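The chain that follows stands alone, in the form deposited in one PDB entry, written as structure tokens.
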């Protein structure tokens, strides 16, 4: 849920002193946005335009207007934006944090629950595909959990080990290239947040994939889920499924299991 306008009132926003995470953009802080009867916990991305870039404002506003229309629940949605002491991108909070670190710390999560989470990710990706948006950086670190039963895709475009051969070779990014990344993501998920291609460098992964070699079936991963991973890793981009086909397969599978 979003208020009518994209611009939020800075006086209605409270930020935590502690930062959730930093980087070469700014930082992400936990916040609280005051609405009529309730208070909504939010994750606020803060952009200090340190080099006073005149181009930033236009870029951010064009993005916010696109974000205001992206309503699917399987994505981290924008609450709004505010031009205060810094630009603040007020997003939904996904309390449990990244999928990979979550699974790592919670080895008790069942295969059924992992299947549910990966199906929600394919629902979010199907939605982005339908909207002509390519993620470019789809990975388990980029799936944030609101609950153990509610996953949201973050930081979509608007990681060589997650790249489709045509990304590394011909610099071709598409939703089908994101399907390859979704295959790696499914591997990370069923592997409980373990690192893909452990100890390998990006050049070695390429050489491995050209041999027709793929990562093996994770311990306890259902066979049909490993088969779907492997289909996401179809070398030829023309025979690799899109997200509508992947989501429908996960959808049928989930409602039987």
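We call the rigid core whatever largest set of C-alpha positions still superposes within 1.5 Å between the two forms. Numbering follows the first chain given and starts at 1.
One more form of this protein exists, namely the form deposited in another entry; it is left out here, but the text below deals with it.
Remark: with the core as the superposition reference, the CA shift of residue 225 between the shown form and the other one stays below 2 Å. In a rigid-core overlay of the protein, residue 84 has its C-alpha displaced by at least 2 Å between the shown form and the other one. Once the rigid core is used as the reference frame, the Cα position of residue 27 differs between the shown form and the other one by 2 Å or more.
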